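Engineer: Give me the fold of what follows.
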Amino acid sequence: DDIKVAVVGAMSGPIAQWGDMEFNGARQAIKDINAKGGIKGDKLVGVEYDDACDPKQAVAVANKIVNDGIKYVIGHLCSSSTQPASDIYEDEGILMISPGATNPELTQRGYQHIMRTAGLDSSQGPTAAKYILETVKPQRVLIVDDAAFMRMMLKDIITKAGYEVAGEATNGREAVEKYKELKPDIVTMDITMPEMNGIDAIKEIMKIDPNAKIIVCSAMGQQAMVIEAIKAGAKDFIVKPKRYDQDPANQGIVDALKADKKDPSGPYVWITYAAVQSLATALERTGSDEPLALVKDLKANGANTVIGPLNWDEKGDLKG
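Structural biologist: Residues are numbered from 1 along each chain as shown. Next up is the structure itself:
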């Protein structure tokens, strides 16, 4: 009667600090769901795997999950690990909901067992630090952000991982002055506040260097400005999500994570929690064990989660 659910992420390697978030949220969601009666009396059982956000290790984990007979997978955490694993899950008829894969090719191959609770509106994750360690090689970074605490947080993460902080800028004017003086290999630029004038700063940098690598960070609702940044020459964009830990409806989970001395501010805590809730919603609403029926139910009816009401299109991507 037990319902085994695989949870796959990075328990080791460079992406480990965000994998800790994923497993913390997944564990708490399974605990909370079982304390509410599980799935009509049936107990959810989490089976945790470590792919180290490595493509080869992720394929071994996917084969291990297939040999275990597990039908539902929450994962993986990184795009380059979730993509080859999703081929195996789709071939074996295994449901897979990823809380971290944001590559576009994941949901553009007609796969009917693949979903995700991340990457809304082509966003490349909630944090720029993880995107940097996962996508780009160690090089000289120019951090452009008005908030000084956001710069020190990003600086500490990439410096420990072998990256170099060439300089820091607080507004769009200084960002151009710093790009002239330092000529960095990559630029991260938060364009949330209007005083930054990020779009104008991108164009001014593009005039100096047409091959500039600029990664922009934005907030919810700034979709139109994000397209202008990419049109101006930006390579990719990060959308900072709403602080779900500050939602008063989520206070009980915040309290539960704090009692375990776990940081509840991480976005992957709630994105992974939402993925578990979505699977539990489909299992309870349909009363079916078939992954295809569960995915079809979620695409038709959605689910209420700790990150808000979720809905998916026919390809498995979030909509709204």
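Engineer: Can you give me every residue that contacts residue 286?
Structural biologist: Residue 286 is in contact with 293-294, 297, counting by CB atoms under 8 Å, 6 or more residues apart in numbering. Using the backbone N, CA and C atoms, a C-beta is placed for each residue, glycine as well.
Engineer: And the strands in the stretch 151-300 of the chain?
Structural biologist: In chain order, the stretch 151-300 of the chain shows strands spanning 164-169, 186-190, 214-219, 236-240, with DSSP state E, counting those that start in this stretch as the criterion.
Engineer: List just the one of those that sits closest to residue 317.
Structural biologist: strand 236-240 (14.2 Å; CB to CB).
Engineer: so what are the domain limits for this structure?
Structural biologist: 3-120+246-310, 128-240 (automatic domain parsing).
Engineer: now the end-to-end length of the first one.
Structural biologist: The first residue of domain 3-120+246-310 is 23 Å away from its last residue (CA to CA, to the nearest Å).
Engineer: what do you get for stretch 119-133?
Structural biologist: End-to-end for stretch 119-133, by CA to CA: 17 Å.
Engineer: Only the buried residues of it, if you could.
Structural biologist: For stretch 119-133, burial by neighbour count (16 or more other CB atoms under 10 Å) applies to 119-120, 122-133.
Engineer: Run through who's touching that stretch.
Structural biologist: If you take CB under 8 Å, 6+ apart as the criterion, stretch 119-133 is touched by 14-15, 18, 100-104, 106, 118, 135, 141, 153-154, 157-158, 161, 163, 186, 188, 215, 217, 223, 226, 236-241, 267-268, 271, 317-318, 320.
Engineer: do that again at 6 Å, thanks
Structural biologist: If you take CB atoms under 6 Å, 6 or more residues apart in numbering as the criterion, stretch 119-133 is touched by 14, 18, 102, 154, 157-158, 161, 188, 217, 223, 236, 238-239, 241, 267, 318.
Engineer: among the residues you listed, which ones are buried?
Structural biologist: 14, 18, 102, 154, 157-158, 188, 217, 236, 238-239, 241, 267, 318.
Engineer: How many residues are close by residue 279?
Structural biologist: Close neighbours of residue 279, defined as other CB atoms under 10 Å, add up to 27.
Engineer: need the contact list for it.
Structural biologist: residue 72.
Engineer: how close does it sit to residue 112?
Structural biologist: Distance, residue 279 to residue 112, by CB to CB, to the nearest Å: 16 Å.
Engineer: still on that earlier bit, identify the farthest-apart pair in the buried ones among the contacts of stretch 119-133.
Structural biologist: So, the buried ones among the contacts of stretch 119-133 by CB to CB: farthest apart are 158 and 318, at 28.0 Å.
Engineer: returning to that earlier point: show me which of the contacts of stretch 119-133 is closest to residue 52.
Structural biologist: Once CB to CB is applied, the member of the contacts of stretch 119-133 that ends up nearest residue 52 is residue 14, at 8.7 Å.
Engineer: Skipping adjacent residues, who's closest to residue 13 in space?
Structural biologist: Distance criterion CB to CB, 6 or more residues apart in numbering; nearest residue to residue 13, sequence neighbours excluded, is residue 52 at 4.0 Å.
Engineer: Next one: residue 248 from residue 308, what distance?
Structural biologist: 14 Å.
Engineer: ok, the two, which is more surrounded?
Structural biologist: Ranked by neighbour count (other CB under 10 Å), residue 248 and residue 308 place residue 308 first, with 13 against 7.
Engineer: For beta bridges, what are the partners of that one?
Structural biologist: residue 305 (DSSP bridges).
Engineer: In the contacts of residue 286, which residue is surrounded by the most others?
Structural biologist: In these, the most neighbours by other CB under 10 Å go to residue 294, 24 neighbours.
Engineer: And it, how far from residue 85?
Structural biologist: For residue 294 relative to residue 85 (CB to CB), the value is 18 Å.
Engineer: How about residue 263?
Structural biologist: Distance from residue 263 to residue 85, by CB to CB: 27 Å.
Engineer: Ok, residue 110 next?
Structural biologist: 17 Å.
Engineer: Please identify which of the two sits among more neighbours.
Structural biologist: A count of neighbours by other CB under 10 Å puts residue 85 above the other of residue 110 and residue 85, at 28 against 9.
Engineer: thinking again about what came up before, can you tell me which of the domains of the chain is most buried?
Structural biologist: Among these, domain 3-120+246-310 has the highest mean neighbour count (mean count of other CB atoms under 10 Å), at a mean of 20.
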